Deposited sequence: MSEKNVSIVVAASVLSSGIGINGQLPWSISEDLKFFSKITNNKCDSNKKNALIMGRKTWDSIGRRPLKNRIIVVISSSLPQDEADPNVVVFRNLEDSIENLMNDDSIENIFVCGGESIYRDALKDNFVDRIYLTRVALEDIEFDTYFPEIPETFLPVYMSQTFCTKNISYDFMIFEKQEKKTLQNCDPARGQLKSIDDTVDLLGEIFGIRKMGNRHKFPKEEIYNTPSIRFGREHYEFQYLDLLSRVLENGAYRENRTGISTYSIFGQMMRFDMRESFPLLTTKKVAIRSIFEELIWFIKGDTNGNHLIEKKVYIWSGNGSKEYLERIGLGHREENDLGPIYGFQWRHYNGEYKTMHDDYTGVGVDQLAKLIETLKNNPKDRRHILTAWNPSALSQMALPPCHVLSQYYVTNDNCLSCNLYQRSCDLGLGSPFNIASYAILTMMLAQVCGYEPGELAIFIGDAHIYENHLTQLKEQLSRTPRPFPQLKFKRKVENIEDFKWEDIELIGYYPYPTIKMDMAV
């Protein structure tokens, strides 16, 4: 008995693998993966066998692959014995029976087009599936990869990679047919109740774990958000808050995302990326006028900015959407004497963002690149205290800009998908203006919570296996960071699940 794995690079949605006898794409690193996964063997005196159909054998030039043995499935090709690295069989079945019991062969790989993929799964010959999900769908395919049978479960999903602005994943699918430590920890959990901290951070149950079959291969960094949801649904304490909608809350959580090879925009739900940007540039410009977002069809600050809400918190003297000194005011005019949203605050206050950009490129290894928004002297004047209170930035030795954010209160479901992408765009903006590349984004959270009217919505989101992250590139290089416009943003390869409506708690 030996192992028979499928290697395939297919589209993310329709599972397309070819067009007009060739690939729909040219990804160098993906072919390198095919090379390394098919050469992976234990015995140096053995070789791996690569099974492929004739039309696929034509697409690779009918030339052998080093250190491997190509098995071509063809009804017409002559069974030439002159080439030992290429053998022909009349059907797929006689090429599995012959490869196994052939001690010179260690592993078997199926990789030969739709006709071979489809008949290898229908006849139950395949043990593993190496899938490369490529985020390209608005093009034309003519050969597809069959739908993965239910007998297979995913066990690994890599981080999203980027080649020529094309996002792709790497997944492993297995066919589903030390313990003394686990016993002792369970016994200690019975003796001590909540006294054992492990019981206060119980591992989420399978019913609330997104794609629970991926146990050890949760490399895709959207799991940093999906698993935080699961940890809240498992350990969240039911608590009241300033609004009429209670939450399930835990304390002290973190999420980290890559920004070099992808953009952390959630794929399990269509995230309103346009509104995220318009709010971010609204912060950068130092603007606290809530109408300037409503004038651009962005209504995320209408609830916390209505006349009825402001009178409720004792700010009835403000205009209809005068949010007061908040994120935008503290970034550009810290400790500035706020009057109204119509006054001219040029020069007043401490321009943190300007000093940040100046310090990022003049003293890159300075570990004080800090942008804060928590000003106790102005909290009473704010329509809402800052949720993302403090961010720190870091220039790596390879000229990348990483970002750390501390968030005191995190509305998973509404605020969190925005904060993940918002500070991701901000770091990219800071990276271009300072002449660096994007690095990493880590979000440290205080009150990570889920509003009780988001439960059926967020549980629906957990039922969706993540897709590769999109790409975010800028159309032009900007002089000043304030000059960014929405038209200057290109969102490449974003194929999310349908949007999920969730009401905001005012």
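Practice item. Return the ranges of the deposited sequence not covered by C-alpha coordinates, sorted by sequence position. Key: No C-alpha for residues 1-2, 180-192.
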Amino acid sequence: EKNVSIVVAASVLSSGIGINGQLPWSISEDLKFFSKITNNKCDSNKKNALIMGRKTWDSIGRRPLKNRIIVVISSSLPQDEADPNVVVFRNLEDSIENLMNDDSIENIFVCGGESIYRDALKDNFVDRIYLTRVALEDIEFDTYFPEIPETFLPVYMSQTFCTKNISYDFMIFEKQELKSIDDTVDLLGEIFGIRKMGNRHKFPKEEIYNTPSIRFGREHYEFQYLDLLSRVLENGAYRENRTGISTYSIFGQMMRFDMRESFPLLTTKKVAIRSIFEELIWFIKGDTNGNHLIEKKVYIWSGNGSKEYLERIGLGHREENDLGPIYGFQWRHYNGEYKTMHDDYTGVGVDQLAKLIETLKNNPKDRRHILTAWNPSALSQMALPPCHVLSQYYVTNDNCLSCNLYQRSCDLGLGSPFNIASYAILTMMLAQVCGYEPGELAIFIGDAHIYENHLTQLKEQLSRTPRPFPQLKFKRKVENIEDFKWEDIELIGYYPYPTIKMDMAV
From here on, numbers count along this sequence of modelled residues.
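Between two forms, the rigid core is defined as the largest C-alpha subset superposing within 1.5 Å.
Exercise for review: Could you say which moves further from this form in 8 other deposited structures of this protein, stretch 93-101 or stretch 106-114, by root mean square CA distance after aligning on the core?
Suggested key: Clearly, after the core fit, the stretch farther away in 8 other deposited structures of this protein is 93-101.
Check your understanding: Relative to the other PDB entries of this protein in the set, is residue 320 coordinate-less in at least a third?
Key -> Modelled in all the others, so no.
**Study point:** Unmodelled residue 147 in at least one third of other entries with both flanks present
**Key:** Modelled in all the others, so no.
Review point. Higher mean Cα B-factor in the deposited model: 333-341 or 235-243?
Key: Averaged over C-alpha atoms, the B-factors run higher in 333-341.
Exercise for review: Look over 435-443 and 476-484 in the entry and identify the one with the greater average Cα temperature factor.
Suggested key: The deposited B-factors put 476-484 ahead on the C-alpha mean.
Check your understanding: So among 219, 411, 137, 258, who wins on Cα B-factor in the entry?
Key -> Highest CA B-factor of the listed options: 137.
Review point. If you check the C-alpha B-factor for each of 100, 354, 110, 276 in the entry, which is highest?
Key: The C-alpha B-factor peaks, among 100, 354, 110, 276, at 100.
Review point. Can you tell me which third, lowest, middle or highest, the CA B-factor of residue 106 falls into for its chain?
Key: Answer is highest: the recorded C-alpha B-factor places it there.
Exercise for review: Ordered by C-alpha B-factor within the chain, which third holds residue 28? Give me lowest, middle or highest, please.
Suggested key: It falls in the bottom third of the chain.
Check your understanding: Split the chain's modelled residues into thirds by Cα B-factor; is residue 189 in the lowest, middle or highest one?
Key -> For residue 189, whose C-alpha B-factor we compare with every modelled residue in the chain, the answer is the middle third.
Point to revise | Lowest, middle or highest third - CA B-factor, residue 504 | key: For residue 504, whose C-alpha B-factor we compare with every modelled residue in the chain, the answer is the highest third.
Check your understanding: Within this chain, which third does the Cα B-factor at residue 173 fall in: lowest, middle or highest?
Key -> Lowest third - that is where residue 173 ends up once the chain's C-alpha B-factors are sorted.
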